[PDB]
């Protein structure tokens, strides 16, 4: 029922800082694996344990990386000190002897880690909601609203639509990935788009309320910030629009 749990889900931090990823395997399972995933190298095994005793650490880098299961229901992976090239999605996996024979490992939702050169490159997202075109409503008895999240870095964001204070998935579509605002620059800020289509009539109802919502994962409390700028912390930026008829 309860699968593998990993924490935290996102992790943006400056280089030279320690990062600690934790995982809780499925009850009973006596095998626990750690993987990393990147666009360049793919999904790679780092280490795996059997009854808390590590069996294979071939994929572990040098002593900068470190792992262990002090007990059978908790494992940890530590990077000290962190570095940009360690950025990746780290997955924890869990299994049993009999399942590994049929090759069944159960993976957790993962931890997205971004180690940056410095935090001054971090910006939260700007968010704007663009209202439907009258033509689209006349030409069709349907209205498509559009949301645009721009100027955010790194690309740790989750966008959602809310209709009358409730989250709606039916009639939604978000860009699978974000696109760089300036491909030229090695690094660059990102932009994401989404769209929500309701029935003309629903949009013309002066009571219905539509709000675009974007969760961003940035700095935390302990993260230093000595710059005259709204600290780019983990937060939610939003834009909105109300139903109208005319």
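Numbering follows the first chain given and starts at 1.
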So, looking at the entry's B-factor column for Cα atoms, which has the higher mean, 87-95 or 122-130? 122-130
Entry B factor averaged over C-alpha atoms, 30-38 against 55-63: higher for 55-63
Would you mind checking which of 186, 193, 50, 213 has the top Cα temperature factor in the PDB entry? 186
Just to confirm, going by the entry's C-alpha B-factors, which of 158, 155, 117, 167 comes out highest? 117
For residue 172, the third of its chain into which the C-alpha B factor falls: middle
For residue 222, the third of its chain by CA B-factor is the highest
Relative to the other modelled residues in the chain, which third contains the C-alpha temperature factor of residue 146: lowest, middle or highest? middle
Can you tell me which third, lowest, middle or highest, the CA B-factor of residue 75 falls into for its chain? lowest
Sorting by Cα B-factor within the chain, modelled residues only, which third would residue 5 end up in: lowest, middle or highest? lowest
